[PDB]
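Form deposited in one PDB entry, single chain, as structure tokens, below.
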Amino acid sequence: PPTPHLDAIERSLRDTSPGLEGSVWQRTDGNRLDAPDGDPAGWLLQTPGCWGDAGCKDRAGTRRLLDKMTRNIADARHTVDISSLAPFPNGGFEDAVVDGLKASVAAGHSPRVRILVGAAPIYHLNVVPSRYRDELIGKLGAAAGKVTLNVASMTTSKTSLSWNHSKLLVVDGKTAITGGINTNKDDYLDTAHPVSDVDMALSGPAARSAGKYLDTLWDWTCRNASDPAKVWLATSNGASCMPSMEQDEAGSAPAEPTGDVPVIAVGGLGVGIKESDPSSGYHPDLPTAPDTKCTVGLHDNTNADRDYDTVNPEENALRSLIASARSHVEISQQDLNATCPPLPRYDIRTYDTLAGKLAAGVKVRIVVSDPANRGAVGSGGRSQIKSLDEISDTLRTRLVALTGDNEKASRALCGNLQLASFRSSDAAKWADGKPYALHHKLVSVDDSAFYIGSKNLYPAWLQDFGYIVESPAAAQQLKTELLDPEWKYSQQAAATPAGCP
């Protein structure tokens, strides 16, 4: 079974980060999209899960995701590995962890558990590692004595604004849930205006790849607990820091296959974990582009740092995913552009790839969060543009820079671009009155290969992770369950750019 899209991505990653293969990125065969029997598309865990229901009575997607998290942890024989943006998991998310651990201990196991969050410098952490550990111990009750906890909050770079943004739940190195959902009450659990998000569940060797990736983050975290400005660490039962928990669990034999799905795991190390991939020959033609009305003051790691690429293969992974599309690409995001300053407004190479596809007649669709979404720096569902023209107009100038003339750029822009903000029903806003917020980090290409993960397409220099799947059957489930319903309702919020019929 051919995988032309995974092949193009694999070439990009091996030229970018050959040294990081097997830790920060890895291609595997034999994975299974982990759907419960009777629900073939249940591996796709969308939230809140109320397509075409403006009042969203039944938050059935959020209940399936928590149910799935609880069940995967309950099955744990050996290791539980959790990462997210701060805060530590609370609400139903903590209940899922606590309930799962009690069940695993009750089945006679003594699981080791890593819970890592990334914290921004300006962010104040109400519940710190030691307090969170203590809450866990208390709710676990008698079971705590059999549970080895490592809990840690971390920040890799104050100046380059870098900390963990990956959203992972890996159990025994063989099941993995990942995506864009924060294990964080307020965003998804207790509001009549809940953010729209998506996760996926798999099993197989690509779960071990996620495990390896978290070992990389914990090697750094354990070592840099020597600097409490960077790492806060708490363990239970006198346990040591466990930097290589996933490698110890893997052992010598290679991961066993669970199905037939080929997957590329790929993350990135942000800034301040590893300066560069010492074995990488990557030497790119970095784009000479200016920006209309923003210049980043910080050093532009997205658009002008070779070394950053070599330790962040996810950014080239996403670009070569779009580059790989022969027919059509769907981009469903919270944002394509970033707030500038502090970060660059956009990823030049990404917009050049998109423009190149518009000029080749490849259909491009961009659905982002509504610009009416104002939030704080990390609100989730917030928008970082004031208008959708800040995407189309950028696509235009990058088209003119390529095609030569503006007329040719209009036949490309108006002919091949669909640009909208997110809706999940016929209502323009929630029946709550507040607007729809989108939190996807999703790219789909030719209904064959897709990315689901935590890594946004807008510039951020955080540590992220995600999976690229190539499977015509799985992209078809993705199209039916998410992409078609998304466009069915977000086209009522479509943009028609400047200079177009």
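Only residues modelled in both forms are compared. Here, rigid core means the biggest group of C-alpha atoms that superpose within 1.5 Å across both forms. Heads up: residue numbers just count along the shown sequence, starting at 1.
The same protein has a further form, the form deposited in another entry, not shown here; the description that follows concerns it.
Only one of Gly356, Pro121, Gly375, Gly145 has its Cα shifted by 2 Å or more between this form and the one not shown after fitting on the core, and that residue is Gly375. A shift of at least 3 angstroms brings the Cα atoms of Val377 and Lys386 nearer to each other in that other deposited form than in the displayed structure. Compared with the form shown here, the Cα atoms of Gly380 and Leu85 sit 3 Å or more farther apart in that other deposited form. Taking a Cα shift of 2 Å or more after superposition on the rigid core as the cut-off, the single stretch of three or more consecutive residues that moves between this form and the one not shown is 374-381.
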